[PDB]
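Observations on the model geometry
Here's the letter readout for the chains.
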Amino acid sequence: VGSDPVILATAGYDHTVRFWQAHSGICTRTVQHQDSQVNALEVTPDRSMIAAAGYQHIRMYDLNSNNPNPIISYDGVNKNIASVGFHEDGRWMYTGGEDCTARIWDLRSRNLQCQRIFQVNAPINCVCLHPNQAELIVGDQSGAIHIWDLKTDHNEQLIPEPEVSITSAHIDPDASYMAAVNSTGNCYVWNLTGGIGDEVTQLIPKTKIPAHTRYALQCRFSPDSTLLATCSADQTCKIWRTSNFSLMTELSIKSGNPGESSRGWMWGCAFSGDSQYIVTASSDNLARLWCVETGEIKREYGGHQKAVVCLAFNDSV
Amino acid sequence: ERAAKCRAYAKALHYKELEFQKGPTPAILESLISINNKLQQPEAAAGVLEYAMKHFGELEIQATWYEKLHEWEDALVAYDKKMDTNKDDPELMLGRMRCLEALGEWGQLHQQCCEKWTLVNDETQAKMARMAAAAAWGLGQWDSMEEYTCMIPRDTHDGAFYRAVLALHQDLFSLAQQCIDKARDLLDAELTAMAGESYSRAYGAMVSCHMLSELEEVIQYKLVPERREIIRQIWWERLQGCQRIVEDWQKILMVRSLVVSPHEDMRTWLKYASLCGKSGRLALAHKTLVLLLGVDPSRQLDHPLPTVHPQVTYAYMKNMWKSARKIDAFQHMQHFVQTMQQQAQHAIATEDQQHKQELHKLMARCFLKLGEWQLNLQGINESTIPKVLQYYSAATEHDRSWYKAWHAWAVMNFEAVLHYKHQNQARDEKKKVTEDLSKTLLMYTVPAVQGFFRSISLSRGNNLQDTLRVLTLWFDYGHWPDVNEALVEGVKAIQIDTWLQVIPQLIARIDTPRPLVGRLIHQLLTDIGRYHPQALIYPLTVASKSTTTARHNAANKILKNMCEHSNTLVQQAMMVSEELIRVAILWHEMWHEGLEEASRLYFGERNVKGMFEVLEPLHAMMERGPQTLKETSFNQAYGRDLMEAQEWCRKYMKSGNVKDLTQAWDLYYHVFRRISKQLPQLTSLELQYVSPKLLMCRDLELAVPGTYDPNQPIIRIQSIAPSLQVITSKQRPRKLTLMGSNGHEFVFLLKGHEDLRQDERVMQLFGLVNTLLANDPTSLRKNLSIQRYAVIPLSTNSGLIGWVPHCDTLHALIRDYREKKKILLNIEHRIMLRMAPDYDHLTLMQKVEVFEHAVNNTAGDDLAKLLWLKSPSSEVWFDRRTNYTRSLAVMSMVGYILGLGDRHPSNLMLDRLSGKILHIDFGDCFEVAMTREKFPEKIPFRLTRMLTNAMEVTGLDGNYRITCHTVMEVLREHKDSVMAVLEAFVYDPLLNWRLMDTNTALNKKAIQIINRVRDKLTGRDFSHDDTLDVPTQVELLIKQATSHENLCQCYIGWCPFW
Ligand SMILES: Oc1cccc(-c2nc(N3CCOCC3)c3oc4ncccc4c3n2)c1
């Protein structure tokens, strides 16, 4: 299950976290995740185990022991835990809670306590880690994007348009582009000054994309740094060209007649390694595999009783 | 026939709106403003235009929207932009002109007519003439008028009218006489041609009909010399009385202008200019006064103002202030007063007393303004304080009477007091200090008191603010002899009446430890006992049964004192209130809660010292022996068990066992199960078992709880209804019902365990807000009020509540509709749980979806739809809506100021007969609801979806919002009276408990709450730094009350989907 070359995980309000086999749509194993919905799934760079960020806890089941139950729980933190991110070298983990804190977790040690805390006014919706492992990007509900220097502990903030909560933020593998998506439905792109190693690492605004009319729920760069994906409450994942910042492929689950009242929000997405494919999480209880280029629904992973909010995807050797 | 014509229009509007429901089109939108116009509903329709704008910029030209929005001044400079950017465009001129003729800009209208006369367009030639005729009429030039009148057809009412004016100038009387009647019949047949679907031209026909009969008095004022007083009187009365927006009155005076020059009318034109300034047409008002002055729009700007007409100058002065130039205004005032006092002292040769007097009163108005403005320019500090006090005292001198003068002076002293106090607490944060402070405060406290006293006597029946303020100084100054004498003087001086407004505040301070303070209270309270007891007993009765000794003690003296004077009334009231508290929580009912509590402390907390405290009074309570049949029938079935259950408890106290103690709980769980069974069997109480004393009561002299007011014949309890329905609830309240000695029936709600004293003060605040609303003309125009009810506390536990007739809770009205239409009551709820089982724990983002999803799969009609099915007609239906919307908007704004939380569907109800809304239960006041730990409110007032629906479509745009700023306007104006009341029960000694519930000294906490209230009354509620004007604040608020983000967080019982 962590032994198959392609890990695909799906979670939501149905108290399970389900694992699928990429190329067929057949569900491998399912694990019990009761007492909470699942807010975020992320598979550790180590391919050993997956993380389920929930309500006041982060449960972590194992991809290797192919059976049991949560290896580690992390408790003693009130309100939801919204984002999870790991640091390449095994033992680091990050979270942004509704408790307005960004927390650094030592994985190779005991304590429900965390090695560090960064605290802001307003809940933290997303946390992502600059490729250089040295800076953390933190976006909160007030609309501020924080750069936390993991060495200098130097808080440095930046609000774009916001008096609007920024929803997710991502930064491309090449460290050339950072993107943040907000609840208005906008997508902001910056150019990265690669200060690094004796650091400066600055942000120069490049574009605002009118990505969506409704809540924009997540954004993600393809491994390529070719494309940028935008998931939204308008039941749509929009894939944009980094060269033009023009729309390339739109994916949607919008009924087929105005009198349907939607059914399904496009909660999350995850590109394939080769950046050829994209996976999709929806409230209509299904994950979806799309061809990035044709926008073709190549598979439909149906199984969850209640909604899906969570994806995890892995492509490593 | 006439009452039958509006009926069809109302019924068509229903379907017309339900069509707009189906698809919002400009087609319907047209046939909607129009039909609402016929229904002479002006503002509701105006809301149709707000929507028309916000979704269709499509009858185009932002100058056409500004013109239809009667914003002439906005449409003018929009048309200037539109004409100078574009070309000639025949239509763009006609609009540019209409703006002028409404603004009364005859200067430009006449010019724009002549200076542009190519007008090859012949329709452009036809309208043209009507406008330039009046323009010339406004500018004297009768030649131009006649020229342009010769172009108006005699077929038009207009053509026949302007002939009547030109005749009357050249003195051709029987010409004008006939011109009047022709134009009448040309307009009579014209109000039948545009039969219903016309402009404010059936409302502006009253402008023409007025003008025509007035023009017939202008006739009367030409040949026969003997109505020069009679005509001027009616002209004058039907003016201060009459209410027609600026623009009509211009024309109206222009008719009177043929007959009387402004310099003989003066008072008339000043009154008119007065309205132009208040309504916000200063540029116009200025021109009125410049004429009246006979001197410059002070183009000679560095020059002194002319004292020629002392009255006119004063107006110009305050127009200049209200205008931009306000440092310039203040300067001309200082000098004006200096000139005025010299024009008095020296220029008064005795046989000139009237002029001296009117001169002296105008002066007092000046000093008032001088102080007002100094405060405005500099604020309150060590340099301004004595200067404005100097100004106010001076105003006090020159008018002696006049409420405002004395008031202003009191507040100044009282804010002088406050300034130093708040500077000294500022000092203390970082012995000769206290002594100078003592002398400082004593210097300002005594005038403050005195002033407030002479102000109150000048207010009579309208002094609540001042009266409370007297109390702040009284209560707040642990009394120094100097202050006390001033108080004693006032007490003797001012009427007894006054204090009734204030009785609960007074009683909150009976047990005052400050000895000089206490005496006066007691003595005054007894005097208030001498004239109108009744107004005293109920409250005093509560106080005289009070755990706190000094309270009940001092209360009993006053009652004793009242017996030497009104004994049986004291005795009657004594017993009635006693009996009623027995009926509120019955023996077994007290036992049940007591047994629940005792099982929590012991079995679930290991606390026997708390548990014993729970049970011991219940045992002592019955130790007194049964007193009613209901008390004995409990005593039989349960008494022996309990009396021996306490026996085991008291074997353990001395033994310290646990087997002694478990025998007790063995017995305790027995009766509990028995009572729990009989509990849903309490659906009625018969008086003859429960309280025979109350069944006995016949033709008492005690007045029906909360009916007594002087002015009004005392309504007494002539009998009590023998059965009290038990409203089956968690607190099972009683539907006590009483018989009036006037015949009518009075219903109450006997509440067992809720401290009702808060709701009293809330109802008190309301009364004031009602007054204020009745006193603002606009609010009075639209019948804006708070549906209030009687609240009579009976202890800390119990009390009575006035039962408004014809009212069902929102919740009830829905539960019926839903069961009648076969909808599962809690359908939205069930939808949500099916989708997200862990709803209460989702992220905001996730919650908003679950919520939205539930809304999109349910009818928002319900409320709207059942109020249409209820209505017997359609006009009835319409008014019930107009009522509902307005009344709700009122308590949206007031509710906000009071910080009124917990507005769930069983806490507001609707009067099924008028439609006016009604709020009950005022526990969660001030931000409390929002401050709580679990499930904090994010809402200012419920503006929930089925409420909105039930209004007119284009709801919040129409009546709701207008009514919102209208109410909010009043509140900010009267921000101080409103703050007096609120301050009075935030710092009320006994009521401070509702703020220490932030846990599940106070001095600091209380201050915040009150600032928070001021913030809300000074547009600083949102951002600290900005000072939002009303409509913005309003807009911001409606936004906050509507945010799905806010509503999805509301605890499920609040029904954020109803
Ligand atoms: O101020 C409070 C505090 C607590 C409860 C109530 C209250 N008021 C009610 N109305 C007062 C206004 O006119 C109609 C009756 C009221 O009517 C009710 N009907 C059933 C149960 C409770 C109540 C109830 N509770 C009022």
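Residues numbered from 1 in each chain as written, not as in the entry; some residues may be left out. Chains lettered and ligands numbered in written order. Heavy atoms only, no water.

Our next topic: the overall build of chain A. When you go through chain A residue by residue, the secondary structure sums to 0 helices and 27 strands. Against the globule reference of 20 Å for 317 residues, chain A gives a C-alpha radius of gyration of 18 Å, in line with a compact fold. Relative to its full complement of 317 residues, chain A shows a buried share of 60%. Of the roughly 12600 Å² of accessible surface on chain A, 45% is carried by carbon and sulfur atoms. A distance of 5 Å separates the average location of the 23 positive side-chain charges in chain A from that of its 33 negative side-chain charges. (Helix = DSSP H or I, 4+ residues; strand = E, 2+ residues; numbered from the N terminus. Rg over C-alpha atoms; globule rule 2.2 N^0.38 Å. Buried < 20%, exposed > 50% of the residue type's maximum accessible area, 1.4 Å probe, protein only. Areas by Shrake-Rupley, 256 points an atom, 1.4 Å probe, with all protein chains shown as cover. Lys, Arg positive; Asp, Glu negative; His and termini not counted. Charge placed at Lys NZ, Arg CZ, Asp CG, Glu CD.)

With that settled, the discussion passes to the nonpolar core. Residue and element names in this part refer to chain B. Ranked by size, the top nonpolar core spans 294 residues in total, and within it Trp137, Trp474, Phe766 and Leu971 carry the most contacts. If you tally residues by element for this core, the top one is helix α29 (residues 549-584), at 13 residues. In this structure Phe766 touches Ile786, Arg788, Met891, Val894, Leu898 and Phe922, once residues within four positions along its chain are discounted. Among the nonpolar cores identified, the runner-up in size contains 29 residues, and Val608, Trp648, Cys649 and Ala664 belong to it. (Core = buried A, V, L, I, M, F, W, Y, C linked by side-chain atoms within 4.5 Å. Contact = heavy atoms within 4.5 Å.)

Here we take up the site of the ligand. All names here are of chain B. Taken together, 14 residues are adjacent to the ligand, and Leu749, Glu754, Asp759, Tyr789 and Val804 come closest. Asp759 is positioned such that a nitrogen or oxygen atom in its side chain is 2.5 Å from an oxygen atom of the ligand. A distance of 2.9 Å is found between an oxygen atom of the ligand and a backbone nitrogen or oxygen belonging to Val804. For the ligand, the accessible surface in isolation is 530 Å², of which the surrounding protein chains cover 85%. Residue composition of the shell around the ligand, grouped by class: 9 nonpolar, 1 polar and 4 charged. (Near = heavy atom within 4 Å. Polar contact = N/O pair within 3.5 Å; in protein donor to acceptor, adjacent residues only side chain to side chain. Nonpolar A, V, L, I, M, F, W, Y, C, P; charged D, E, K, R; others polar.)

This paragraph deals with the pairing of strand β20 (residues 227-232) of chain A. All names here are of chain A. In terms of residue burial, β20 counts as a mostly covered element, since 6 of its 6 residues are buried. Across the two faces of β20 the burial is the same, with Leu227, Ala229 and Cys231 and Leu228, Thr230 and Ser232 all buried. Hairpin remark: strand β19 (residues 216-221) followed by β20, antiparallel, with 5 residues in the connecting loop; positive phi at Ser225, about 70 degrees. Inspection of the sheet shows β20 paired to strand β21 (residues 236-241) by 6 bridges, in the antiparallel sense. By the bridge assignment for β21, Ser232 is matched with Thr236. Between the end of β20 and the start of β21, which pair antiparallel, lie 3 residues, with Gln235 showing a positive phi angle near 50 degrees. (Pairing = 2+ DSSP bridges.)

Below, the discussion takes up the UniProt feature "binding site: Mg(2+)" in chain B. Residues and elements named next belong to chain B. Here, the residues flagged by UniProt with the feature "binding site: Mg(2+)" are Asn907 and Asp921. Structurally, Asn907 is set in the loop between α42 (875-897) and β10 (908-911). The buried category is assigned to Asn907, whose relative accessible area is 4%. Once residues within four sequence positions are removed from consideration, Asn907 is found in contact with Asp902, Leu918, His919, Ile920 and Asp921. Inspection of the secondary structure assignment puts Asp921 in the loop between β11 (917-919) and α43 (928-931). (UniProt positions renumbered as here; feature names shortened; annotations may be inferred.)

Residues and elements named next belong to chain A. Tracing the chain through its elements places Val17 in strand β2 (residues 16-21). Expressed as a C-alpha distance, the spacing of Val17 and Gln34, which sit 17 residues apart in the sequence, is 9.7 Å. Here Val17 is in contact with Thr10, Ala11, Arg29, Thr30, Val31, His33, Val38 and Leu41, once residues within four sequence places are set aside.

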